[PDB]
Each structure stands twice: as structure tokens, then as C-alpha cells.
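Only one chain comes next, encoded as C-alpha cells, the form deposited in one PDB entry.
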């Protein structure tokens, strides 16, 4: 039960509990405002602009904003008041001048951060909308900007907005979609409903909580949709005109446009010009309002978006009624992505194996692919959450998925790799750089950058702190390279060949191959460094295989066959013991399992050096199905990349992620082994393919920035993911690798390793290199 009024309390910062009634920006969404909130706090009279007649006004309380002589004192002028009355120019009409320091008025200790989020703002609107968006174009052109910013999967509103606030993946922070079902709560998250306002859904620590816990005044970023954009801007300016001990440091504006129009008219419709003009007008109001308060050279403005917008029509819609016999007996989260769940009551004959088999490669031009969430590409980071359904359908761009058979011309939620889903970033202000383009980056990196701008120690998150230091002029975070916990052994020749009874038979460096220093193991283990002519290895003495195998292949390297006499060759390693070696007898007895090699025998320097490739310490357990993919990569693709990139350095190895949390498994978490043995079966295999950005310099004699592409290939007993897998490997293998492309940082979480420790590059640039994703778009 509550009582009171919002006289002199409109848009209060402190969230007031009972017995007082609320007057903050979210009070309408909880149905908790005082009786007279709409009359006092949401006035619209005489619009949002001063005219000449209004100048030199007598104050009228009914007005939305004022043009009186005493408006500047109270801090509630209309944004154009000084332009129309006092003869100032609009901010957009001023020529750009570099902001070396925070040019702030008295009382402002640190530059405030204003986060200007825009819903569904596609990356290519910056160039395409330039002429109708002059204010935005001044921020982009004269501030710091990227060509695009990558969202998180699924590319939807609530997962991305809360990812911008937390720096976490949707699997971690809990908002895995715009719709969700939690089996533990036995309740449903929806866009239309009161359930979304409950805090139990919202994990992690959002930026505004991170501020207030560290003494910095912030307040919640969420606005009620009923509040018009001009009232949101005016309120933000009103908060900036509060006294020193009441004024917030961080501010958030939100625009539902261009998303709302984008769904109806498509991303580039003729009706889409006005939405973009209004968004620019809203920015021009902010900058004119900031210039009016002398904060246009003081504030840092981040202009960011949650996701893009793709052309999606009701004609391009795939129906699961065409594939499944009993489509009425399953729940689907439909549209630009698919999540399948079983109906609870009277449906004991439900089977996820039957559903995935029934949806796998049935139409030739099939516009979606079924995955178990564990088999989804690791770049998506969409698995480790009970709210994420086991069955997932990854929908093709431009298409929809539904159960059974327009209102919309556009949509979003596809793979975050897709061009149309890419969104925007512009930093403008004293702490940002001037007229500086930067490489595109992931939205998970932004939380750290906002914390640096506010002087906050960020809560644990999925950004890589330091990777966006090149965006900022000052206030950078000094990134410390993580300390290596396990030092390597360097074993000499300690074992005779007759000591090995492995059931195996066969008729029988550092500067060249380890270019960036050795990887550092950041967990407590026991491993050996093995040197060879063509490759170096960090051989795990617990997992009985390399953690990494490093090798460089020059532009003019030889690709050769495996001879007939070395077809089933496996040599013992005289540096590593019989007890810490794999055995061939396990592979003979395991019918479903075979073996492969991390360093390819195909790329050996000579017939003499080739025998090093068949060492037992180089072999790894591979399913025959996967062995087709790995062998083609090794035989054809590695040489291809070396030829194209003027040599390449490859770092290959296993990954164990049976609990699908994106982290390296401990020995206890490994859920499968080779038959009758301690040889563990990896869930994935990685390769980090590094070369010189300057293509004129070779890979092994490179100075200047490095270039990299990597992947995390799933280790599968079949090739059901690749519909062309019946055909020759050149028609499908490289397409699979492209879908499972990864960052070096993704591999580091999954392996507990740390790469690029000895280079001639700054560590901030190396962290930027580790966060890079090669998208093939």
C-alpha cells in the first residue's frame, strides 16, 4: 500500500519503496507511480521546440519544456532555446575541433558517460543514411568509430541489451532470448507480460549495479515505452543539471526505432528514411542540449545498437509440418531461430533422436539446420543454460521457421556472424580518440570500456580487458599477461624401444616453428616439450596427447602422400614413458574409433623427417567420420593457406568440453574414453592459423602486426551437419570449418592455454588479435 504525489519528484534517481509511491522512469512498468505522475511529469504542451514568439517567456508550468529567461537556471529549457532565442548555432553546424581534455564546468570531477542505444540499428545505416543523419554523422566522423560491432547470438533485443550492460554471453547472464522457459521456475519469460520484471531471470552484474556498489551514482538504464524520446533526453539533461552530490556519472537513452519500422517495412524501405531522421533529430537535441549546458566538450557519448535487420517475408518460411509427422506434439520458439521442446502431457513416445533425424538434410535447398545445442558452433556460446532447449534449429538468413501454416517485411535473430545482423558503435568525447576508425569488435567487450570511462573495477565478464585500449585517448587499463602455473619438462632420450609393448608396428626448430613463444599452461598439470625437425609439441602426461602442436609451413612447402609401408605406422617416443603413452591395441579393439595426427605427415620436410610424424606422442583419437575432415584440412587446406598468406604458422590440438560450458574440462569432467583405456576422446579439435598482416613478408620472418584465422571443429561420430558429406571432401569440408570459425580467445578458455607471449607487439594489440573472428562475409 502506497500514498503521496510527484510534486518536485519527477524522474527521481533513488528507487523509493513503500509506504511512499514511486516517481522514477520505470514506475509505469511496475504500475507503481503516484496518482498524478502523468499530469506532473509527462507534460507535452506546446511541443518540444522554442519558436521566436516563445522567446523572453513568462513561465507556464503546463509546458513540456520552457523558453523563459529562468529556464537555464532550473535546467529545463527546450534543447533549441539558445539557438532560436540567443543566436547560438546548432551543434551539427559547428566544425569539429579536437577534445584533448574534458572541458567541463565547475563541480564535474570526471567526464560523464551517456550510452545512446538504438534498437535494430543495422551497421550499413551509417553510410547509407549519412545525408539524412547529419548529427550522427558528425559523432561518427569526428569521434572514434568502427565499421561495425558484432552482437551476441541470438541477435535479439533482450539478450543483446543485457549483454551490453553486463559484458556476458546470454548463456551466462540468463536472458537467452526474447522468449524463454525455465524448467526450475516452471514459468515463461515474454515480451508481453509481467514475468520479465522479476529479477530472478536477470543474472550477472549490470553496469549500473557495478557503479553504485563502487560508490558511483548511476540508476537503471531501462525506460518505460510510454515516455517519449524528447522527455527521455530532457530528463537526462535535467539530471546533468542536478547538484554535485546528486548528479549521476552514467546515463542511458533507448530508442525503439529503427527496429519497430524495420519489422514492418524491411531494413531499407522508402518508409525507413523518416525513422532515421527522427533518431538523428533526437541526437541533435542531446548535443544542442549538452552545448546549452556547456557539456558538449565534457561528456563521453557512446552511440551503440543491439543488432541489425534482415529482409524477411512470409513467403520465405519453412514449415516443420513438412518434415515431422506429429508437429502438434512439440513446442517451438519460431522465427529467425528455432528452439524445440516436447509437450508434457500424454506424449511418452517423444524422442529427440527422431526429431533431429527427421529434420536433417531432407530438402535439397533446406533453409535451416538442426543441432543439439552442444554441437552448435562454439563461437555462438549458446549452450550452458537450462533455459536453452536441447534441440536448436539454426535458420538461414532471410528465412523463417514455423510449425505449420504479410504482417512484416524485416526481422532479426539469425547467426551473429551475418552481415545484416551487424550493428554500430561510435565513441565521441575527451576520453575517446578524434577522427579515428577502429577495427570491428564484439559487443561483449564494451562493458569493460564503460567501466574504464567511469573508473570502475569491472565485475567478472566475457570481455578481454585491454583489447579495446586503441579506442581510448586516456584512462586505459594496463593489461597484465597471466602468469604460467605449470612449468614444462624437457625430457631427453630416456627409454629403449623394447620397453614399449603398445601393440604398435612400423618398418623403420624453435625459431622456425614456435614463432610467438610457447603457449603458457594456466592450470596445474604435468607436460613435456617435444622438439622435432618440422614441429614442436607440448605433450600432456595426464591426457596422453599434445595440448598444442606448433608448426610453420612456408609459401613453397611440399605436399606429399603417406607411403604404403607407413600406412599403419605408429612409432614409440623414446623421450616419453610407456605408462604415459597411447597404445595401438585400444584403437584395434575400439570399432567406432580410429586415430589421426596433429602434425600432418603430408607436410614433412623429407622422407627421413616424415618418421617423426608417426610418433605415438603425435597421434590423437579421431572418429573415421571426423578423420575425413581433418585429413582434407591437413592434406589440401593448410598448404592452400600457406600459399595465399605467404606462409602460415599452425597451432593444433584437442579440446575437452563435455559439460558444454565453454571452459576447459577437469580430468573428472571427461565423459568418454577410447575402449578399455585411459586415452580420453576430445569433444573438439582446434587450429590457430597465424601469419604476417604484411603479405610481402614471410610468416617466420615477420615484423609488424600479425594476421590470424582459427576454428574449433566439433569431434563427431558422423558428418550429419554437412549435407554434402556423401561427396568428395573438397565440396563440403571447408564450408564446415567456416561455420565453426573461432577466436584465439575462445580456444584459450577451452584449453587453459595462453598464446602470443613472445612477440614484438604491444600486449593490447595482442589482446585485440586474440578477440578477432574471421567471419568469411
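Throughout, rigid core stands for the largest set of C-alpha atoms superposing within 1.5 Å between the two forms. Numbering follows the first chain given and starts at 1.
In the deposited entry, the stretch joining residue 87 to residue 88 is continuous, with no residue of the deposited sequence left without coordinates. In terms of unmodelled positions of the deposited sequence, the stretch from residue 508 to residue 509 in this entry skips 10 or more residues.
In this entry, 74 to 82 has the higher mean Cα B-factor, the comparison being between 305 to 313 and 74 to 82. For the segment pair 22 to 30 and 704 to 712, the entry gives 22 to 30 the higher mean B-factor, averaged over Cα atoms. Residues shown: 374, 160, 282, 326. Highest C-alpha temperature factor in the entry: 326. As recorded in the PDB entry, 59 shows the highest C-alpha B-factor of the residues 731, 59, 740, 743. In the PDB entry, residue 388 places in the lowest third of its chain by CA B-factor. Among the modelled residues of its chain, residue 44 has a C-alpha B-factor that falls in the middle third according to the deposited record. In this PDB entry, residue 2 carries a Cα temperature factor that places it within the highest third of its chain's modelled residues.
Split the chain's modelled residues into thirds by C-alpha temperature factor. Residue 50 is in the highest one. Among all modelled residues in this chain, the alpha-carbon of residue 637 has a temperature factor (C-alpha) in the lowest third.
Absent from the display: the form deposited in another entry. The rest refers to it.
Comparing the two forms between the shown form and the other one on the rigid core, the single residue of 220, 212, 678, 577 with a CA shift of 2 Å or greater is 220. Shown in the overlay between the shown form and the other one, fitted on the rigid core, is a CA shift at residue 363 smaller than 2 Å.
When the rigid core is held fixed, the Cα atom of residue 177 travels less than 2 angstroms between the shown form and the other one. Core-superposed comparison between the shown form and the other one: the CA of residue 129 exceeds or equals a 2 Å shift. By 3 Å or more, the C-alpha separation between residue 311 and residue 130 grows in the other entry relative to the form shown here.
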